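Here is the structure we will look at, set down as structure tokens.
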Amino acid sequence: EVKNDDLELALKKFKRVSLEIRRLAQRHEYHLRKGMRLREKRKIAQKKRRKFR
Amino acid sequence: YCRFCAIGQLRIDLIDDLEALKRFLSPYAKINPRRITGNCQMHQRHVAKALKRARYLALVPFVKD
Amino acid sequence: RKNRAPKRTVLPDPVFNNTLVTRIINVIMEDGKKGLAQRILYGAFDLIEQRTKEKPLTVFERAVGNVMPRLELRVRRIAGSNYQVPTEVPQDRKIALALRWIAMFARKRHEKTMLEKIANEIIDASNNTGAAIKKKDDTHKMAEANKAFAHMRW
Amino acid sequence: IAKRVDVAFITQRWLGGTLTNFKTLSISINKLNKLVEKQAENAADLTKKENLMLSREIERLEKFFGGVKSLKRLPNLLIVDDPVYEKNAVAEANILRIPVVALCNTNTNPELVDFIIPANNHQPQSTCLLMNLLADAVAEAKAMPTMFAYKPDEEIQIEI
Amino acid sequence: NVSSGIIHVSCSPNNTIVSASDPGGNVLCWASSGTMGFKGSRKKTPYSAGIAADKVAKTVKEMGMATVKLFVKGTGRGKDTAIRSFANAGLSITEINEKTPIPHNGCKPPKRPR
RNA sequence: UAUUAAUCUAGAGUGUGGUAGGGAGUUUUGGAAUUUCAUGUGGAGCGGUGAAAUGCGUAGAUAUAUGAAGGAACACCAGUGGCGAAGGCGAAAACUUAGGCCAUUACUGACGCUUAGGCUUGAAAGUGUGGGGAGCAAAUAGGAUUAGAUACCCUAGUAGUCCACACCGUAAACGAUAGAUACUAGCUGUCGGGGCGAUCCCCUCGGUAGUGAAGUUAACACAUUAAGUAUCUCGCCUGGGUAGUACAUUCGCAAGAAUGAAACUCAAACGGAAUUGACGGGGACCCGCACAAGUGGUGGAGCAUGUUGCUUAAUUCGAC
């Protein structure tokens, strides 16, 4: 995140912010096939879809 | 979601619509997908291109602040 | 794999009515009988009461309470280089480990008076000097060292 | 209907391996008869757990197949309130060629039975008069009460 | 120095680094996980990361600062242990400045491990 | 059936209006990254896998901030989404161009299918040329387990890479499915338009995942988003290995493009789908002192019997 001073609220959002930053940096910090490079995002989206319609 | 789909114009352009942009854009300066924005598919690409222009236009940062 | 199996304890003595004292007596007893255990206990108690003037029940409960550990190291395997995750000890296990430590450090030594062996064991367990308090210290230290291993579960 | 006009029935339906082959149900009715005759003697004299076990066997009888007690043959007509709810009662009956009456509601052909009835029972206000009119269309044969055939009698009730 | 200087903390899983820089860009002290003799596998553990964090702390706990920004570079857990160490010492945080320069597609990244 | 004059327009598009899309050839900038160089700081480390080492640092390395800069490509934008000759298409912008989609009561009068032949592009790797090389990088150099670690682990590291000319021509280029014509239940939705209609819900036509009846089938399963039904043409396969081996062909500076045996063997295809098993450095599962905890206990001794060993007439023999 950019701000964090709350005791219990902002940390949970910061967790997903860090997860998003990791997902965004795990495609350009190391060169690889674009196949899996996009498959990771597509599979994350698919997993997030069917769990909660 | 966008007012443009609710009025009918079939396109948008950067006329400093930043207000509605803040509904589509997280405070993290990253474009949320079609789910959050609420466009159907056409205004979705319109707001996508507008947000990308704003990135180019420096209306919205890429990530740097 | 069993998840719950009730334990059991034994009957106390009709003078002080404590199960812990008969448990520690029955784990330090040797040759099966209490006889030589009774003699060694009487000698140790005389050598204790000649010094360290204090109510015997209070000093004994102080020793037993301070002996009790705080952590438990249940093994955990990474499947690569295995690193274990610490856990907790129930109070019955706490007491049991305390009495078994007393038994194993009071059974075999190379000083002369075994009466005095148990006497010194009880007194230096009471005075918080290292005899079984270091067990609590090292079981806390192991969990401190296993902090990274307990952080993530695989 | 069972408490007013009946000759035989089943609690829920055939569970399979019971309609196209009534051997498994003839032995079922015979074992029900013999089990009642045998349990008439069981009076909590050997094991109370075992008499509870016998009462529970009776309970499982009422649940799975308590209805098969008076049917000594294969019925000529089989009522089917839904082709998607009477899998066995439709399939095993259609293995043979006994006449079968069935409904057709939302996702099946109306031509899977001999006579066509597109009626439905999922609606709360439907099955009441549907079942009453079906029952009083046959109950007249056995010289038994018939109150929904041409009479103004009707019901408006929710499902319960 | 001033009550609000700069603390560049580059949190990496392998040898997290941290340094206290002046607003002009001049450091005053620095450390990295493994400073006290832990370079290897045990620097990557949170123990040595916290050791480096408290070292740079004790070299910055007397600078006139009571609430300081966290210039966390990269995403990991050095940020969390540094904030925990600062909070246990009574020094509050103003903001978690995510200083990650997100890849803008410049230099070619090193290839994935074969 | 080819058809004549006229033809009929229901197609091919096309008059016209609306019309959405990451379609594309072309040309521009912006974000910053990256590492450096001028700048100073500063005290003691960096590198890393299962653990380390190779490999870097006081003559100032980490890290640092702005200034300035080279090549280089643009986190997200990324969908019951669309546009797509295939290959594909997303920091933007625009020139241009292409394909549409919906509707036109319309026209030439059906003016079109496949494709010998010809034409075209072609992911990507790599090549000569000129330049650039920021960055990583094979091969690997060194180092870690190792019986070997040559594959998998880490650092140093160049060919390579990169920009354009010329050459690249293949991919698991697929939809494991070449097309074109005509027709065929539906549904949750949703997309582009015609849209009444805050958006809507709701549809009309084309599209986008599934669905299940006919139908289809060796089974997988497909099913109006057929592996369904009929019409027309190009490509292929007649059991497997042999067999893409050899010659030869055309082009390509070459790798490669296609092509293809014989002799022989076997009577079979690593031929496919499907049923349960074994199986896993795949998961859910309940269980027994089996573990988790301990008493004692043997490998530890006095030791005595027992095994192998040896010796030998057998140190019977079997038992592992």
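By convention here, the chains of the structure tokens are called A, B, ... in the order presented, each chain's residues are numbered starting at 1, and ligands are numbered starting at 1 in the order presented.
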
Proximal residues of chain E relative to chain C (only C-alpha atoms; 10 Å) as an NGL selection string: :E and (45-47)

Return as a PyMOL selection string the residues belonging to chain E that are within 8 Å of chain A, counting only C-alpha atoms. chain E and resi 75-76+93-98+102-103+105+108-112

Restricted to N, CA, C and O atoms, what would the selected residues look like written as a PDB file, in the first residue's frame?
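See selection.pdb below for the written result:
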```pdb
ATOM      1  N   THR E  75       8.779  -6.780  -2.449  1.00  0.00           N
ATOM      2  CA  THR E  75       7.689  -7.311  -1.645  1.00  0.00           C
ATOM      3  C   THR E  75       8.155  -8.575  -0.934  1.00  0.00           C
ATOM      4  O   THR E  75       8.648  -9.508  -1.578  1.00  0.00           O
ATOM      5  N   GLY E  76       7.997  -8.599   0.387  1.00  0.00           N
ATOM      6  CA  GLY E  76       8.415  -9.737   1.180  1.00  0.00           C
ATOM      7  C   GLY E  76       7.978  -9.633   2.625  1.00  0.00           C
ATOM      8  O   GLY E  76       6.853  -9.216   2.913  1.00  0.00           O
ATOM      9  N   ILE E  93       4.740   4.412  12.803  1.00  0.00           N
ATOM     10  CA  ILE E  93       4.985   4.528  11.371  1.00  0.00           C
ATOM     11  C   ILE E  93       4.008   5.525  10.771  1.00  0.00           C
ATOM     12  O   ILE E  93       2.839   5.602  11.167  1.00  0.00           O
ATOM     13  N   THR E  94       4.488   6.295   9.795  1.00  0.00           N
ATOM     14  CA  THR E  94       3.655   7.235   9.055  1.00  0.00           C
ATOM     15  C   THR E  94       3.006   6.614   7.825  1.00  0.00           C
ATOM     16  O   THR E  94       1.853   6.930   7.514  1.00  0.00           O
ATOM     17  N   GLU E  95       3.715   5.737   7.115  1.00  0.00           N
ATOM     18  CA  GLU E  95       3.219   5.188   5.861  1.00  0.00           C
ATOM     19  C   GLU E  95       4.120   4.039   5.433  1.00  0.00           C
ATOM     20  O   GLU E  95       5.313   4.045   5.737  1.00  0.00           O
ATOM     21  N   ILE E  96       3.546   3.060   4.739  1.00  0.00           N
ATOM     22  CA  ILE E  96       4.341   1.984   4.120  1.00  0.00           C
ATOM     23  C   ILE E  96       4.549   2.392   2.666  1.00  0.00           C
ATOM     24  O   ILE E  96       3.764   2.083   1.766  1.00  0.00           O
ATOM     25  N   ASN E  97       5.645   3.106   2.427  1.00  0.00           N
ATOM     26  CA  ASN E  97       5.981   3.556   1.077  1.00  0.00           C
ATOM     27  C   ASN E  97       6.475   2.365   0.273  1.00  0.00           C
ATOM     28  O   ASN E  97       7.637   1.963   0.378  1.00  0.00           O
ATOM     29  N   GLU E  98       5.587   1.790  -0.536  1.00  0.00           N
ATOM     30  CA  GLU E  98       5.999   0.708  -1.417  1.00  0.00           C
ATOM     31  C   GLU E  98       6.888   1.275  -2.508  1.00  0.00           C
ATOM     32  O   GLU E  98       6.400   1.841  -3.490  1.00  0.00           O
ATOM     33  N   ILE E 102       8.164  -0.725 -10.430  1.00  0.00           N
ATOM     34  CA  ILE E 102       7.489  -1.837 -11.090  1.00  0.00           C
ATOM     35  C   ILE E 102       8.160  -1.953 -12.455  1.00  0.00           C
ATOM     36  O   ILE E 102       8.613  -0.938 -13.008  1.00  0.00           O
ATOM     37  N   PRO E 103       8.354  -3.151 -12.983  1.00  0.00           N
ATOM     38  CA  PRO E 103       9.099  -3.288 -14.242  1.00  0.00           C
ATOM     39  C   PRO E 103       8.437  -2.562 -15.401  1.00  0.00           C
ATOM     40  O   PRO E 103       7.324  -2.900 -15.819  1.00  0.00           O
ATOM     41  N   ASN E 105       9.707  -2.530 -18.375  1.00  0.00           N
ATOM     42  CA  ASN E 105      10.193  -3.212 -19.577  1.00  0.00           C
ATOM     43  C   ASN E 105      11.422  -2.517 -20.170  1.00  0.00           C
ATOM     44  O   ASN E 105      11.432  -2.076 -21.320  1.00  0.00           O
ATOM     45  N   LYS E 108      16.600  -6.516 -20.043  1.00  0.00           N
ATOM     46  CA  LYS E 108      16.057  -7.864 -20.117  1.00  0.00           C
ATOM     47  C   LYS E 108      16.205  -8.555 -18.766  1.00  0.00           C
ATOM     48  O   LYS E 108      17.298  -8.553 -18.188  1.00  0.00           O
ATOM     49  N   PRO E 109      15.143  -9.142 -18.229  1.00  0.00           N
ATOM     50  CA  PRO E 109      15.251  -9.843 -16.949  1.00  0.00           C
ATOM     51  C   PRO E 109      16.093 -11.098 -17.089  1.00  0.00           C
ATOM     52  O   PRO E 109      16.158 -11.696 -18.175  1.00  0.00           O
ATOM     53  N   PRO E 110      16.770 -11.521 -16.014  1.00  0.00           N
ATOM     54  CA  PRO E 110      17.497 -12.797 -16.057  1.00  0.00           C
ATOM     55  C   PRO E 110      16.554 -13.960 -16.312  1.00  0.00           C
ATOM     56  O   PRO E 110      15.436 -13.981 -15.788  1.00  0.00           O
ATOM     57  N   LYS E 111      16.982 -14.924 -17.122  1.00  0.00           N
ATOM     58  CA  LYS E 111      16.106 -16.025 -17.485  1.00  0.00           C
ATOM     59  C   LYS E 111      15.779 -16.880 -16.263  1.00  0.00           C
ATOM     60  O   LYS E 111      16.489 -16.887 -15.254  1.00  0.00           O
ATOM     61  N   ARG E 112      14.664 -17.597 -16.364  1.00  0.00           N
ATOM     62  CA  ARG E 112      14.226 -18.465 -15.288  1.00  0.00           C
ATOM     63  C   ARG E 112      15.234 -19.592 -15.075  1.00  0.00           C
ATOM     64  O   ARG E 112      15.947 -19.982 -16.005  1.00  0.00           O
TER      65      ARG E 112
END
```

Closest atom pairs, chain B residues within 10 Å of chain E, only C-alpha atoms, as a tab-separated table:
```
residue	atom	partner	partner_atom	distance
B:62	CA	E:104	CA	9.1
B:63	CA	E:102	CA	7.1
B:64	CA	E:101	CA	7.7
B:65	CA	E:99	CA	9.9
```

Counting only C-alpha atoms (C1' of nucleotides), which residues of chain E come no farther than 12 Å from chain F, as an mmCIF file with C-alpha atoms, in the first residue's frame?
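Result file is part_12.cif:
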```cif
data_model
loop_
_atom_site.group_PDB
_atom_site.id
_atom_site.type_symbol
_atom_site.label_atom_id
_atom_site.label_comp_id
_atom_site.auth_asym_id
_atom_site.auth_seq_id
_atom_site.Cartn_x
_atom_site.Cartn_y
_atom_site.Cartn_z
ATOM 1 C CA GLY E 5 15.449 11.769 6.911
ATOM 2 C CA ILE E 6 15.328 8.811 4.508
ATOM 3 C CA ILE E 7 15.495 5.103 5.360
ATOM 4 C CA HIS E 8 16.004 2.970 2.239
ATOM 5 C CA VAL E 9 15.052 -0.602 3.153
ATOM 6 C CA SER E 10 15.392 -2.947 0.172
ATOM 7 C CA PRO E 13 14.375 -12.816 0.462
ATOM 8 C CA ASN E 14 18.147 -13.121 0.010
ATOM 9 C CA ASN E 15 20.118 -10.597 2.101
ATOM 10 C CA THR E 16 17.672 -7.787 2.736
ATOM 11 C CA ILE E 17 19.507 -4.450 2.884
ATOM 12 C CA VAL E 18 18.803 -1.179 4.695
ATOM 13 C CA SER E 19 20.526 2.204 5.011
ATOM 14 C CA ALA E 20 19.789 5.596 6.544
ATOM 15 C CA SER E 21 20.300 8.316 3.920
ATOM 16 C CA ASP E 22 20.193 12.072 4.380
ATOM 17 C CA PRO E 23 17.655 14.104 2.358
ATOM 18 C CA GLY E 24 20.581 15.121 0.154
ATOM 19 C CA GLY E 25 21.287 11.427 -0.370
ATOM 20 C CA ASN E 26 24.202 10.839 2.017
ATOM 21 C CA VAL E 27 23.953 7.807 4.278
ATOM 22 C CA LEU E 28 24.717 7.763 7.991
ATOM 23 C CA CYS E 29 24.736 3.999 8.603
ATOM 24 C CA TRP E 30 23.696 0.760 6.897
ATOM 25 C CA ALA E 31 23.241 -2.964 7.449
ATOM 26 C CA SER E 32 22.059 -6.157 5.780
ATOM 27 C CA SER E 33 20.759 -9.491 7.051
ATOM 28 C CA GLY E 34 23.837 -11.346 8.232
ATOM 29 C CA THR E 35 25.738 -8.278 9.462
ATOM 30 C CA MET E 36 26.525 -9.800 12.866
ATOM 31 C CA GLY E 37 28.086 -12.910 11.307
ATOM 32 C CA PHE E 38 25.178 -14.683 9.634
ATOM 33 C CA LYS E 39 25.930 -14.493 5.892
ATOM 34 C CA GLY E 40 24.616 -17.675 4.289
ATOM 35 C CA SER E 41 21.325 -19.498 4.788
ATOM 36 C CA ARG E 42 20.687 -18.042 8.257
ATOM 37 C CA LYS E 43 20.754 -14.446 7.016
ATOM 38 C CA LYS E 44 17.617 -15.174 4.967
ATOM 39 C CA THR E 59 22.013 3.623 14.557
ATOM 40 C CA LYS E 73 11.709 -1.895 -1.860
ATOM 41 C CA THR E 100 8.986 -1.093 -5.777
ATOM 42 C CA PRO E 101 9.966 0.290 -9.184
ATOM 43 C CA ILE E 102 7.489 -1.837 -11.090
ATOM 44 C CA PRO E 103 9.099 -3.288 -14.242
ATOM 45 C CA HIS E 104 8.654 -0.764 -17.051
ATOM 46 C CA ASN E 105 10.193 -3.212 -19.577
ATOM 47 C CA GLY E 106 13.739 -1.901 -19.818
ATOM 48 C CA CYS E 107 16.684 -4.227 -19.281
ATOM 49 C CA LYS E 108 16.057 -7.864 -20.117
ATOM 50 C CA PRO E 109 15.251 -9.843 -16.949
ATOM 51 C CA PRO E 110 17.497 -12.797 -16.057
ATOM 52 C CA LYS E 111 16.106 -16.025 -17.485
ATOM 53 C CA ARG E 112 14.226 -18.465 -15.288
ATOM 54 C CA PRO E 113 16.227 -21.248 -13.608
ATOM 55 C CA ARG E 114 16.568 -24.123 -16.039
#
```

Enumerate the residues of range 5-109 of chain E with a DSSP assignment of helix (DSSP H, G or I), computed from the backbone, and present them as a PyMOL selection string. chain E and resi 46-58+78-88

Selection above as a file: N, CA and C atoms, as a PDB file, in the first residue's frame:
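Output (again06.pdb):
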```pdb
ATOM      1  N   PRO E  46      14.123 -14.814   9.240  1.00  0.00           N
ATOM      2  CA  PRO E  46      13.696 -13.552   9.866  1.00  0.00           C
ATOM      3  C   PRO E  46      14.558 -13.137  11.046  1.00  0.00           C
ATOM      4  N   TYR E  47      15.292 -14.069  11.661  1.00  0.00           N
ATOM      5  CA  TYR E  47      16.160 -13.728  12.784  1.00  0.00           C
ATOM      6  C   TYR E  47      17.209 -12.698  12.379  1.00  0.00           C
ATOM      7  N   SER E  48      17.959 -12.980  11.313  1.00  0.00           N
ATOM      8  CA  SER E  48      19.007 -12.056  10.894  1.00  0.00           C
ATOM      9  C   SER E  48      18.452 -10.814  10.211  1.00  0.00           C
ATOM     10  N   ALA E  49      17.306 -10.922   9.534  1.00  0.00           N
ATOM     11  CA  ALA E  49      16.661  -9.735   8.987  1.00  0.00           C
ATOM     12  C   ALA E  49      16.273  -8.775  10.105  1.00  0.00           C
ATOM     13  N   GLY E  50      15.687  -9.308  11.179  1.00  0.00           N
ATOM     14  CA  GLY E  50      15.400  -8.486  12.341  1.00  0.00           C
ATOM     15  C   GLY E  50      16.651  -7.969  13.020  1.00  0.00           C
ATOM     16  N   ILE E  51      17.733  -8.749  12.985  1.00  0.00           N
ATOM     17  CA  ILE E  51      19.001  -8.287  13.545  1.00  0.00           C
ATOM     18  C   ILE E  51      19.498  -7.058  12.794  1.00  0.00           C
ATOM     19  N   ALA E  52      19.481  -7.116  11.460  1.00  0.00           N
ATOM     20  CA  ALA E  52      19.870  -5.956  10.666  1.00  0.00           C
ATOM     21  C   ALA E  52      18.925  -4.784  10.897  1.00  0.00           C
ATOM     22  N   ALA E  53      17.626  -5.067  11.013  1.00  0.00           N
ATOM     23  CA  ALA E  53      16.651  -4.011  11.260  1.00  0.00           C
ATOM     24  C   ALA E  53      16.933  -3.304  12.579  1.00  0.00           C
ATOM     25  N   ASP E  54      17.213  -4.063  13.638  1.00  0.00           N
ATOM     26  CA  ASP E  54      17.488  -3.422  14.916  1.00  0.00           C
ATOM     27  C   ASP E  54      18.863  -2.768  14.944  1.00  0.00           C
ATOM     28  N   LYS E  55      19.813  -3.251  14.140  1.00  0.00           N
ATOM     29  CA  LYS E  55      21.091  -2.557  14.031  1.00  0.00           C
ATOM     30  C   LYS E  55      20.912  -1.176  13.414  1.00  0.00           C
ATOM     31  N   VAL E  56      20.243  -1.106  12.262  1.00  0.00           N
ATOM     32  CA  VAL E  56      20.013   0.206  11.665  1.00  0.00           C
ATOM     33  C   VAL E  56      19.098   1.040  12.547  1.00  0.00           C
ATOM     34  N   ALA E  57      18.213   0.402  13.314  1.00  0.00           N
ATOM     35  CA  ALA E  57      17.424   1.132  14.297  1.00  0.00           C
ATOM     36  C   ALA E  57      18.325   1.824  15.309  1.00  0.00           C
ATOM     37  N   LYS E  58      19.118   1.041  16.044  1.00  0.00           N
ATOM     38  CA  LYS E  58      19.995   1.599  17.068  1.00  0.00           C
ATOM     39  C   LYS E  58      20.984   2.601  16.497  1.00  0.00           C
ATOM     40  N   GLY E  78      10.597  -8.584   5.172  1.00  0.00           N
ATOM     41  CA  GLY E  78      11.460  -7.660   5.888  1.00  0.00           C
ATOM     42  C   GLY E  78      10.721  -6.412   6.326  1.00  0.00           C
ATOM     43  N   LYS E  79       9.769  -5.959   5.508  1.00  0.00           N
ATOM     44  CA  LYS E  79       8.902  -4.848   5.873  1.00  0.00           C
ATOM     45  C   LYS E  79       8.154  -5.127   7.173  1.00  0.00           C
ATOM     46  N   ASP E  80       7.533  -6.306   7.261  1.00  0.00           N
ATOM     47  CA  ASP E  80       6.727  -6.639   8.431  1.00  0.00           C
ATOM     48  C   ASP E  80       7.581  -6.744   9.688  1.00  0.00           C
ATOM     49  N   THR E  81       8.743  -7.398   9.599  1.00  0.00           N
ATOM     50  CA  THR E  81       9.592  -7.524  10.779  1.00  0.00           C
ATOM     51  C   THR E  81      10.184  -6.178  11.182  1.00  0.00           C
ATOM     52  N   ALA E  82      10.498  -5.319  10.206  1.00  0.00           N
ATOM     53  CA  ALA E  82      10.987  -3.985  10.538  1.00  0.00           C
ATOM     54  C   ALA E  82       9.914  -3.165  11.245  1.00  0.00           C
ATOM     55  N   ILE E  83       8.669  -3.244  10.769  1.00  0.00           N
ATOM     56  CA  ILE E  83       7.589  -2.496  11.407  1.00  0.00           C
ATOM     57  C   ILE E  83       7.311  -3.047  12.798  1.00  0.00           C
ATOM     58  N   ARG E  84       7.380  -4.371  12.958  1.00  0.00           N
ATOM     59  CA  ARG E  84       7.202  -4.964  14.279  1.00  0.00           C
ATOM     60  C   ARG E  84       8.293  -4.507  15.241  1.00  0.00           C
ATOM     61  N   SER E  85       9.547  -4.490  14.782  1.00  0.00           N
ATOM     62  CA  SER E  85      10.641  -4.028  15.628  1.00  0.00           C
ATOM     63  C   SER E  85      10.483  -2.560  16.001  1.00  0.00           C
ATOM     64  N   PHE E  86      10.069  -1.720  15.048  1.00  0.00           N
ATOM     65  CA  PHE E  86       9.862  -0.306  15.349  1.00  0.00           C
ATOM     66  C   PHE E  86       8.699  -0.095  16.313  1.00  0.00           C
ATOM     67  N   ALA E  87       7.615  -0.858  16.152  1.00  0.00           N
ATOM     68  CA  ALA E  87       6.460  -0.709  17.030  1.00  0.00           C
ATOM     69  C   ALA E  87       6.754  -1.207  18.438  1.00  0.00           C
ATOM     70  N   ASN E  88       7.536  -2.282  18.566  1.00  0.00           N
ATOM     71  CA  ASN E  88       7.900  -2.770  19.891  1.00  0.00           C
ATOM     72  C   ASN E  88       8.774  -1.769  20.637  1.00  0.00           C
TER      73      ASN E  88
END
```

Would you give me, as CSV, each residue of range 6-54 of chain C having an atom within 12 Å of an atom of range 283-304 of chain F, along with its shortest atom pair and that distance in Å to one decimal, using only C-alpha atoms (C1' of nucleotides) and sorting by chain and residue number?
```
residue,atom,partner,partner_atom,distance
C:7,CA,F:293,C1',11.8
C:26,CA,F:295,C1',11.2
C:27,CA,F:295,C1',8.7
C:28,CA,F:295,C1',10.9
C:29,CA,F:295,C1',11.6
C:30,CA,F:295,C1',11.5
C:32,CA,F:295,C1',11.8
```

How many Å lie between CA of residue 82 in chain D and CA of residue 61 in chain D, rounded to one decimal? 24.1 Å
